[PDB]
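**Q** Take a look at protein34.pdb, PDB, C-alpha atoms:
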ATOM      1  CA  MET A   1      83.976  84.602  71.821
ATOM      2  CA  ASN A   2      85.721  85.021  75.175
ATOM      3  CA  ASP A   3      87.342  88.436  74.747
ATOM      4  CA  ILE A   4      84.322  90.711  74.335
ATOM      5  CA  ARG A   5      83.835  94.435  74.934
ATOM      6  CA  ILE A   6      82.683  95.602  78.366
ATOM      7  CA  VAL A   7      81.358  99.072  77.544
ATOM      8  CA  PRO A   8      80.288 100.228  74.057
ATOM      9  CA  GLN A   9      80.115 103.813  72.796
ATOM     10  CA  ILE A  10      77.336 106.298  73.548
ATOM     11  CA  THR A  11      75.391 108.348  71.001
ATOM     12  CA  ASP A  12      72.813 111.142  71.083
ATOM     13  CA  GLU A  13      70.425 108.487  72.391
ATOM     14  CA  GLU A  14      72.502 108.110  75.555
ATOM     15  CA  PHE A  15      73.855 111.654  75.824
ATOM     16  CA  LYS A  16      70.348 113.112  75.595
ATOM     17  CA  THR A  17      69.692 111.227  78.832
ATOM     18  CA  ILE A  18      72.181 113.515  80.572
ATOM     19  CA  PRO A  19      71.112 117.161  81.027
ATOM     20  CA  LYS A  20      73.543 120.087  81.029
ATOM     21  CA  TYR A  21      73.111 120.030  84.808
ATOM     22  CA  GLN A  22      75.559 117.119  84.770
ATOM     23  CA  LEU A  23      77.505 117.762  81.566
ATOM     24  CA  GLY A  24      78.149 121.464  82.080
ATOM     25  CA  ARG A  25      81.067 121.948  79.702
ATOM     26  CA  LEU A  26      81.055 118.410  78.304
ATOM     27  CA  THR A  27      79.807 117.028  74.987
ATOM     28  CA  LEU A  28      78.960 113.794  73.172
ATOM     29  CA  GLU A  29      82.391 113.908  71.533
ATOM     30  CA  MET A  30      84.054 114.141  74.946
ATOM     31  CA  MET A  31      82.117 111.127  76.225
ATOM     32  CA  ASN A  32      82.491 109.222  72.953
ATOM     33  CA  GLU A  33      86.277 109.323  73.306
ATOM     34  CA  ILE A  34      86.063 108.702  77.052
ATOM     35  CA  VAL A  35      83.934 105.562  76.780
ATOM     36  CA  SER A  36      85.910 104.414  73.740
ATOM     37  CA  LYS A  37      89.377 104.695  75.280
ATOM     38  CA  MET A  38      88.152 103.261  78.585
ATOM     39  CA  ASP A  39      86.569 100.238  76.905
ATOM     40  CA  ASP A  40      89.879  99.710  75.107
ATOM     41  CA  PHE A  41      92.029  99.477  78.236
ATOM     42  CA  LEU A  42      89.344  97.423  79.980
ATOM     43  CA  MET A  43      88.839  95.215  76.923
ATOM     44  CA  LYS A  44      92.534  94.319  76.807
ATOM     45  CA  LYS A  45      92.591  93.682  80.557
ATOM     46  CA  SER A  46      89.793  91.105  80.499
ATOM     47  CA  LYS A  47      91.415  89.637  77.387
ATOM     48  CA  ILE A  48      94.593  88.890  79.340
ATOM     49  CA  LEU A  49      92.749  87.384  82.306
ATOM     50  CA  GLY A  50      91.742  84.612  79.923
ATOM     51  CA  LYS A  51      94.671  84.501  77.510
ATOM     52  CA  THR A  52      97.804  82.450  78.176
ATOM     53  CA  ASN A  53     101.590  82.506  77.808
ATOM     54  CA  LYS A  54     100.966  81.806  74.121
ATOM     55  CA  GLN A  55      99.283  85.117  73.303
ATOM     56  CA  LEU A  56     100.937  86.930  76.210
ATOM     57  CA  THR A  57     103.391  89.382  74.649
ATOM     58  CA  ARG A  58     105.657  92.216  75.785
ATOM     59  CA  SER A  59     102.688  94.581  76.054
ATOM     60  CA  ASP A  60     100.977  91.875  78.108
ATOM     61  CA  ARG A  61     103.822  91.761  80.630
ATOM     62  CA  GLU A  62     104.040  95.545  80.966
ATOM     63  CA  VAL A  63     100.281  95.844  81.466
ATOM     64  CA  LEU A  64     100.184  92.991  83.978
ATOM     65  CA  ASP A  65     102.946  94.588  86.050
ATOM     66  CA  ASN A  66     101.233  97.984  86.034
ATOM     67  CA  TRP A  67      97.726  96.598  86.533
ATOM     68  CA  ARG A  68      98.879  94.526  89.507
ATOM     69  CA  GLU A  69     100.799  97.539  90.814
ATOM     70  CA  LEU A  70      97.685  99.693  91.189
ATOM     71  CA  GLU A  71      95.589  96.746  92.369
ATOM     72  CA  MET A  72      98.064  96.061  95.176
ATOM     73  CA  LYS A  73      98.483  99.768  95.924
ATOM     74  CA  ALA A  74      94.757 100.146  96.590
ATOM     75  CA  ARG A  75      95.351  98.198  99.802
ATOM     76  CA  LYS A  76      93.739  94.918  98.747
ATOM     77  CA  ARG A  77      90.579  96.962  98.197
ATOM     78  CA  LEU A  78      87.920  96.987  95.475
ATOM     79  CA  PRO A  79      85.804  93.814  95.159
ATOM     80  CA  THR A  80      86.306  93.903  91.390
ATOM     81  CA  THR A  81      89.425  93.135  89.354
ATOM     82  CA  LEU A  82      88.547  94.693  85.997
ATOM     83  CA  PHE A  83      89.407  98.367  86.478
ATOM     84  CA  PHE A  84      92.098 100.894  85.560
ATOM     85  CA  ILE A  85      93.636 104.173  86.717
ATOM     86  CA  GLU A  86      92.742 107.570  85.259
ATOM     87  CA  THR A  87      96.483 108.031  84.752
ATOM     88  CA  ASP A  88      96.306 105.217  82.200
ATOM     89  CA  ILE A  89      93.253 106.460  80.304
ATOM     90  CA  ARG A  90      93.889 110.199  80.571
ATOM     91  CA  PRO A  91      97.080 110.026  78.463
ATOM     92  CA  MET A  92      95.127 107.764  76.110
ATOM     93  CA  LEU A  93      92.197 110.085  75.401
ATOM     94  CA  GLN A  94      92.971 113.432  73.767
ATOM     95  CA  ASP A  95      95.421 116.213  74.622
ATOM     96  CA  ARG A  96      92.719 118.722  73.685
ATOM     97  CA  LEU A  97      89.967 116.775  75.449
ATOM     98  CA  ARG A  98      90.761 118.828  78.551
ATOM     99  CA  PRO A  99      90.045 117.687  82.133
ATOM    100  CA  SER A 100      86.397 116.862  81.439
ATOM    101  CA  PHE A 101      86.599 113.350  82.888
ATOM    102  CA  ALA A 102      85.991 114.643  86.412
ATOM    103  CA  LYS A 103      82.860 116.221  84.938
ATOM    104  CA  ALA A 104      81.904 113.217  82.809
ATOM    105  CA  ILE A 105      81.960 110.919  85.839
ATOM    106  CA  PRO A 106      78.324 111.814  86.632
ATOM    107  CA  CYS A 107      77.471 111.617  82.931
ATOM    108  CA  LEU A 108      78.905 108.112  82.571
ATOM    109  CA  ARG A 109      77.292 106.767  85.742
ATOM    110  CA  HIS A 110      73.946 108.427  85.016
ATOM    111  CA  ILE A 111      73.632 105.805  82.279
ATOM    112  CA  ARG A 112      75.242 102.974  84.243
ATOM    113  CA  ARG A 113      78.037 102.419  81.724
ATOM    114  CA  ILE A 114      80.962 102.573  84.151
ATOM    115  CA  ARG A 115      81.915 103.119  87.793
ATOM    116  CA  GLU A 116      84.480 104.958  89.916
ATOM    117  CA  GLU A 117      86.157 103.876  93.154
ATOM    118  CA  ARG A 118      87.889 106.582  95.190
ATOM    119  CA  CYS A 119      90.716 104.813  97.022
ATOM    120  CA  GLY A 120      93.250 107.292  98.367
ATOM    121  CA  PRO A 121      95.578 109.052  95.902
ATOM    122  CA  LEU A 122      94.109 106.834  93.183
ATOM    123  CA  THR A 123      90.949 106.409  91.109
ATOM    124  CA  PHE A 124      89.739 103.097  89.682
ATOM    125  CA  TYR A 125      86.890 102.474  87.241
ATOM    126  CA  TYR A 126      84.964  99.274  86.527
ATOM    127  CA  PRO A 127      82.083  98.318  84.197
ATOM    128  CA  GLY A 128      79.004  99.077  86.275
ATOM    129  CA  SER A 129      78.302  96.740  89.184
ATOM    130  CA  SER A 130      77.751  92.979  89.330
TER     131      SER A 130
END
Let me see whether you can do it: turn the structure in this file into structure tokens.

**A**
Amino acid sequence: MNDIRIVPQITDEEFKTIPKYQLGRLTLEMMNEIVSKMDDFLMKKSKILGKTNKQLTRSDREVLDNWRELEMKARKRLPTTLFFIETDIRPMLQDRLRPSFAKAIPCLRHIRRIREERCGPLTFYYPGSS
């Protein structure tokens, strides 16, 4: 298949690799929903990069406009092209999940599951590094 996941979910086998020194007030559940939602937005993105006008639907046009908006707002930065903004995943996670992302950043990278690029008033995230 062409459209395949980019980052699976993490269990106690992966979480156990991250001590409280990095988690602090986080938990497997918090990361499970973080890696799940992220993989979703990223999965659909890579799926469009290959799809065509045939599969391209309304949601495909809205995502392309927004995705290209942040990509062009980063000042032609970031060597990658498969990332998203926290403002797109945040409202996709959980309303009760609380602002743990900023704390999970070190927990997600400690395993090499995702990445984070600080570019001005924005924050991108790509699947590890090529």

**Q** Between atom CA of residue A:37 and atom CA of residue A:76, measure the distance and give it in Å to one decimal.

**A**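 That distance, rounded to one decimal, is 25.8 Å.
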
**Q** For residue A:115, which residue out of A:82, A:89, A:27, A:47 is the nearest one, using all atoms listed in the file?

**A** A:82

**Q** Kindly compute an axis-aligned box around the listed atoms of stretch 76-85 of chain A, allowing 4 Å on each side, and express its centre and edge lengths in Å to one decimal as JSON.

**A**
{"center_x": 89.8, "center_y": 98.7, "center_z": 92.2, "size_x": 15.9, "size_y": 19.0, "size_z": 21.2}

**Q** Would you kindly return, as a VMD selection string, each protein, DNA or RNA residue with an atom no farther than 12 Å from any atom of residue A:109, considering all atoms listed in the file and excluding same-chain residues fewer than 5 positions away?

**A** chain A and resid 7 14 to 15 17 to 18 22 to 23 31 35 101 to 104 114 to 117 125 to 129

**Q** For the file shown, what are the residues hit by the PyMOL selection byres ((chain A and resi 45) around 12), laid out as a ChimeraX atom specification?

**A** /A:3-6,38-44,46-51,56,59-68,81-84,126

**Q** Could you tell me how far atom CA of residue A:78 lies from atom CA of residue A:26, in Å and to one decimal?

**A** 28.3 Å

**Q** Can you tell me how far atom CA of residue A:110 sits from atom CA of residue A:2, in Å to one decimal?

**A** 28.0 Å

**Q** Using only C-alpha atoms, can you tell me which of A:16, A:29, A:54, A:34 comes closest to residue A:108?

**A**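 Between A:16, A:29, A:54, A:34, the residue approaching residue A:108 most closely is A:34.
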
**Q** Once the PyMOL selection byres ((chain A and resi 120) around 10) has been evaluated on this model, what residues remain selected, and can you format them as a PyMOL selection string?

**A** chain A and resi 73-75+117-119+121-123

**Q** Compute the distance from (89.8, 108.0, 72.0) to each atom, counting all atoms listed in the file, keep the residues with any atom at most 7 Å away, and return them as a ChimeraX atom specification; use the coordinates of the file.

**A** /A:33-34,36-37,92-94

**Q** Could you write stretch 54-80 of chain A as a PDB file, in the coordinates of the input, with N, CA and C atoms rebuilt where they are missing?

**A**
ATOM      1  N   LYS A  54     100.877  81.886  75.575  1.00  0.00           N
ATOM      2  CA  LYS A  54     100.966  81.806  74.121  1.00  0.00           C
ATOM      3  C   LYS A  54     100.735  83.173  73.486  1.00  0.00           C
ATOM      4  N   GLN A  55      99.619  83.803  73.839  1.00  0.00           N
ATOM      5  CA  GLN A  55      99.283  85.117  73.303  1.00  0.00           C
ATOM      6  C   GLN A  55      99.990  86.221  74.081  1.00  0.00           C
ATOM      7  N   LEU A  56     100.263  85.958  75.355  1.00  0.00           N
ATOM      8  CA  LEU A  56     100.937  86.930  76.210  1.00  0.00           C
ATOM      9  C   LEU A  56     102.205  87.453  75.543  1.00  0.00           C
ATOM     10  N   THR A  57     102.237  88.756  75.283  1.00  0.00           N
ATOM     11  CA  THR A  57     103.391  89.382  74.649  1.00  0.00           C
ATOM     12  C   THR A  57     104.003  90.447  75.552  1.00  0.00           C
ATOM     13  N   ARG A  58     104.989  91.167  75.025  1.00  0.00           N
ATOM     14  CA  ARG A  58     105.657  92.216  75.785  1.00  0.00           C
ATOM     15  C   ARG A  58     104.641  93.169  76.406  1.00  0.00           C
ATOM     16  N   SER A  59     103.715  93.656  75.586  1.00  0.00           N
ATOM     17  CA  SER A  59     102.688  94.581  76.054  1.00  0.00           C
ATOM     18  C   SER A  59     101.835  93.939  77.144  1.00  0.00           C
ATOM     19  N   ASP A  60     101.759  92.613  77.121  1.00  0.00           N
ATOM     20  CA  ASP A  60     100.977  91.875  78.108  1.00  0.00           C
ATOM     21  C   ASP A  60     101.693  91.843  79.454  1.00  0.00           C
ATOM     22  N   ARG A  61     103.020  91.799  79.412  1.00  0.00           N
ATOM     23  CA  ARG A  61     103.822  91.761  80.630  1.00  0.00           C
ATOM     24  C   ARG A  61     103.877  93.137  81.286  1.00  0.00           C
ATOM     25  N   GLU A  62     103.978  94.177  80.463  1.00  0.00           N
ATOM     26  CA  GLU A  62     104.040  95.545  80.966  1.00  0.00           C
ATOM     27  C   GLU A  62     102.709  95.957  81.588  1.00  0.00           C
ATOM     28  N   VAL A  63     101.615  95.521  80.973  1.00  0.00           N
ATOM     29  CA  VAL A  63     100.281  95.844  81.466  1.00  0.00           C
ATOM     30  C   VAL A  63      99.968  95.080  82.747  1.00  0.00           C
ATOM     31  N   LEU A  64     100.416  93.830  82.807  1.00  0.00           N
ATOM     32  CA  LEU A  64     100.184  92.991  83.978  1.00  0.00           C
ATOM     33  C   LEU A  64     100.923  93.538  85.196  1.00  0.00           C
ATOM     34  N   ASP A  65     102.137  94.030  84.972  1.00  0.00           N
ATOM     35  CA  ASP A  65     102.946  94.588  86.050  1.00  0.00           C
ATOM     36  C   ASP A  65     102.333  95.882  86.576  1.00  0.00           C
ATOM     37  N   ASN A  66     101.843  96.713  85.662  1.00  0.00           N
ATOM     38  CA  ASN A  66     101.233  97.984  86.034  1.00  0.00           C
ATOM     39  C   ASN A  66      99.858  97.765  86.657  1.00  0.00           C
ATOM     40  N   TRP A  67      99.065  96.897  86.039  1.00  0.00           N
ATOM     41  CA  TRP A  67      97.726  96.598  86.533  1.00  0.00           C
ATOM     42  C   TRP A  67      97.782  96.042  87.952  1.00  0.00           C
ATOM     43  N   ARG A  68      98.722  95.135  88.192  1.00  0.00           N
ATOM     44  CA  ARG A  68      98.879  94.526  89.507  1.00  0.00           C
ATOM     45  C   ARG A  68      99.478  95.519  90.497  1.00  0.00           C
ATOM     46  N   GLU A  69     100.174  96.523  89.974  1.00  0.00           N
ATOM     47  CA  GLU A  69     100.799  97.539  90.814  1.00  0.00           C
ATOM     48  C   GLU A  69      99.744  98.425  91.470  1.00  0.00           C
ATOM     49  N   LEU A  70      98.756  98.840  90.686  1.00  0.00           N
ATOM     50  CA  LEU A  70      97.685  99.693  91.189  1.00  0.00           C
ATOM     51  C   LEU A  70      96.694  98.886  92.023  1.00  0.00           C
ATOM     52  N   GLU A  71      96.509  97.623  91.654  1.00  0.00           N
ATOM     53  CA  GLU A  71      95.589  96.746  92.369  1.00  0.00           C
ATOM     54  C   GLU A  71      96.115  96.431  93.767  1.00  0.00           C
ATOM     55  N   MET A  72      97.435  96.355  93.893  1.00  0.00           N
ATOM     56  CA  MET A  72      98.064  96.061  95.176  1.00  0.00           C
ATOM     57  C   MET A  72      98.299  97.340  95.972  1.00  0.00           C
ATOM     58  N   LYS A  73      98.274  98.475  95.281  1.00  0.00           N
ATOM     59  CA  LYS A  73      98.483  99.768  95.924  1.00  0.00           C
ATOM     60  C   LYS A  73      97.186 100.285  96.537  1.00  0.00           C
ATOM     61  N   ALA A  74      96.063  99.741  96.083  1.00  0.00           N
ATOM     62  CA  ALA A  74      94.757 100.146  96.590  1.00  0.00           C
ATOM     63  C   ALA A  74      94.494  99.546  97.967  1.00  0.00           C
ATOM     64  N   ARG A  75      95.479  98.826  98.493  1.00  0.00           N
ATOM     65  CA  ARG A  75      95.351  98.198  99.802  1.00  0.00           C
ATOM     66  C   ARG A  75      94.352  97.046  99.758  1.00  0.00           C
ATOM     67  N   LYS A  76      94.614  96.076  98.888  1.00  0.00           N
ATOM     68  CA  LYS A  76      93.739  94.918  98.747  1.00  0.00           C
ATOM     69  C   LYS A  76      92.273  95.331  98.824  1.00  0.00           C
ATOM     70  N   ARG A  77      91.947  96.458  98.199  1.00  0.00           N
ATOM     71  CA  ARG A  77      90.579  96.962  98.197  1.00  0.00           C
ATOM     72  C   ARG A  77      89.894  96.672  96.866  1.00  0.00           C
ATOM     73  N   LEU A  78      88.682  97.191  96.703  1.00  0.00           N
ATOM     74  CA  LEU A  78      87.920  96.987  95.475  1.00  0.00           C
ATOM     75  C   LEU A  78      87.586  95.512  95.281  1.00  0.00           C
ATOM     76  N   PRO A  79      86.285  95.188  95.331  1.00  0.00           N
ATOM     77  CA  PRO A  79      85.804  93.814  95.159  1.00  0.00           C
ATOM     78  C   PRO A  79      85.975  93.314  93.728  1.00  0.00           C
ATOM     79  N   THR A  80      86.135  94.248  92.796  1.00  0.00           N
ATOM     80  CA  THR A  80      86.306  93.903  91.390  1.00  0.00           C
ATOM     81  C   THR A  80      87.783  93.776  91.032  1.00  0.00           C
TER      82      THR A  80
END
